[PDB]
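One chain is shown next in structure tokens, namely the form deposited in one PDB entry.
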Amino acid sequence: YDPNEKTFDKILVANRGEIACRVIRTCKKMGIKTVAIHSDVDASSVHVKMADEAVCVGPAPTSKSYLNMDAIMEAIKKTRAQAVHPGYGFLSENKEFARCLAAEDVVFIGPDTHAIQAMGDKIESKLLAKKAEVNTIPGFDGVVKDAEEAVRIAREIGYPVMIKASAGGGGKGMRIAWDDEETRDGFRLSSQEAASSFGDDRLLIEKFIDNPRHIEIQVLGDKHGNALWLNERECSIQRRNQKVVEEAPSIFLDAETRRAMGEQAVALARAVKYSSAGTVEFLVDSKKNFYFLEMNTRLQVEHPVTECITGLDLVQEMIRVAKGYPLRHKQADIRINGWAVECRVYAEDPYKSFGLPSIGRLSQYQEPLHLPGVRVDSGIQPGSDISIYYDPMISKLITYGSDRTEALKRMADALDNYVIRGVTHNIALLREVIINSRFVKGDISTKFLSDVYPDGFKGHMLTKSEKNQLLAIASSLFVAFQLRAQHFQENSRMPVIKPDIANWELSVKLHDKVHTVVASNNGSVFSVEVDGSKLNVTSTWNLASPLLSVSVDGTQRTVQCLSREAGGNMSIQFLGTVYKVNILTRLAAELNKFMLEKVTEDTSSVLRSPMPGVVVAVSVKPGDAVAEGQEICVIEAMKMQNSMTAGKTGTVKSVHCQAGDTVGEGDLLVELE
């Protein structure tokens, strides 16, 4: 970090969120003035405040604020900006944005425009990669227009078929086929969806690869044409065409194949005169036949996972390249620094569709920065709100260690010690992935989440010892709350006679089974007997901090108490999963048998989408009651949110309406019978 180099005194960072904060911080390491653009709603974000001055660029929607180029060059004129960074996606693929920046003093920090054009169309991308002497996914080169052509191409390539339209951030518009009838009907639906999404209709049909590993290679390229490959980033774990866990040093990959990968990627970059940091994605099979799948000219979303092992600041060198300086670091300078694992904590509900979009505000937000070997990148703070106008990303968590086991353990401890309240997160999913046996040993594939949980994610299944530990912790916490309730100050008129109950006899209702617990106290040590098993729980018993660390039978367990009621109900986050327990005294539980049960029935919802527009919120779940006037969700269509009356009884099988999705008329918000 030499401050003598004068790359750009003033920079404009054309993005928002965690990456905006990362870029601003990197420029601060250079002592570079930062100009961060922000929407009017996002005028209170972290990056707008931390940057040296800022200019509002429009309303809440990104189409009218970040995509309305008028406000952008007005802000540039106001700030006299000199450099621009597209960030994750955003306007990286916008060639009009590139040319209008070129018309001004701002310089697009990135590769050549024609390189972005070449990666935009997948047919030309494959043709160039074959020209660039890079192994390709097998298939047909060209564009299909008719169903007969599609089925014939399936004949040459085989039944596994990747009907894939051109472009698409994060591999958008990929589909699976297995039959000639499947080939033709999928080709028809793929033409339909390509027209709906992009309209290119450049369906690049190629042979599908089963049990693959999506392995990324990062190539840093100066403006002089030199290309330098920096290790790799395995992204085998994904769902809904989105990556959740990233492993930078790939366990499957070895050194010789890695260096061959980097050599091919460097040759590909030099074949295009690459002058930025790019990513090349491969489909490694059992035989390590890494085939070229797309090439992202933008900086990768999960770049920090390798930044730890490479030991180099990718953004710093990218800015130096934007200055035009050659690559100071060589391949020998690129040395792996241990193991690194990254997980992206999102604002989605993992229990529904492996992550379902959600909206809300963050009341409590605390990161596990006190843990060793844990780093957090985020662009949100306590009180920041999740907006439908932008993607729902909370943060990214990275751990580095000597080996894989150390990194996995540090991820586990960091995810346990991470406090988020107000919105629903997918911490349970990430922790279950990082502690799953298959992911531990290494045998993972792109379909990891589809076969490990065929019926969908259902939470951690705690074992018998874990069940006893959870029951002991819950009973101890309940007794501790009671004991603190018995502590007042000195009245001097009516003295308090502290009751002398020795052993608490509780009844705990975990799931359906009912467990009898006998809990006794001694100083700060709780002796808890659950159905005969005797355990010791010791902790400071601080009943106000969100994170509580107990020591059950020597083993240290970190738990969170989300909610509690005078009726006895408790919500405990324990090993990532949130369990609801119901603790009662033996007398109260005995008397509760006389209480009449209050039952509410709600099943079999049904309705399609009879108006278009962006859904404000979702109001039903598969298996909910409807009648003449029951609304599935709230749909806004040109400044009116009509209540969409069901009027009939059917059966939901899955739901396609998610808050923040522009779902049109007749698009079947919920699919039904």
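So that the term is clear: the rigid core is the largest set of C-alpha atoms that superpose within 1.5 Å between two forms. Just count from 1 along the sequence shown to find any residue number.
The discussion below concerns the form deposited with a small molecule bound, not included here.
Residue contact with the small molecule in the entry with it bound: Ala71 places no heavy atom within 4.5 Å of it. Residue contact with the small molecule in the entry with it bound: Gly169 places a heavy atom within 4.5 Å of it. In the entry with it bound, the small molecule sits beyond 4.5 Å of every heavy atom of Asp416. Residue contact check for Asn241: one or more of its heavy atoms lie within 4.5 Å of the small molecule in the entry with it bound.
Highlighted residues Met162, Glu206 and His214: every one comes within 4.5 Å of the small molecule in the entry with it bound, counting any heavy atom. Stretch 170-178 is the answer when you ask which of 330-338, 592-600, 548-556, 170-178 has residues with heavy atoms within 4.5 Å of the small molecule in the entry with it bound. Residue-level contacts in the entry with it bound: of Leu293, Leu506, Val423, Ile319, one residue has a heavy atom within 4.5 Å of the small molecule, and it is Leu293. Contact annotation: of the candidates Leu283, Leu220, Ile76, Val581, the single residue with a non-hydrogen atom within 4.5 angstroms of the small molecule in the entry with it bound is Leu283. In a core superposition between the shown form and the other one, the Cα of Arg202 is the only one among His214, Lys243, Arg202, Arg298 shifting by 2 Å or more. In the core-superposed comparison between the shown form and the other one, the C-alpha atom of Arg608 has shifted by at least 2 angstroms.
When two forms of a protein are overlaid on their rigid core, residues whose CA moves 2 Å or more are considered shifted, and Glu628 is one of them between the shown form and the other one. With the core held fixed, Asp443 shows a CA shift below 2 Å between the shown form and the other one. Between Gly660 and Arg16, the C-alpha separation grows by 3 Å or more in the entry with it bound, relative to the conformation displayed. Panel note: the distance between the CA atoms of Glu665 and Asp391 is smaller in the entry with it bound than in this form, the difference being 3 Å or more.
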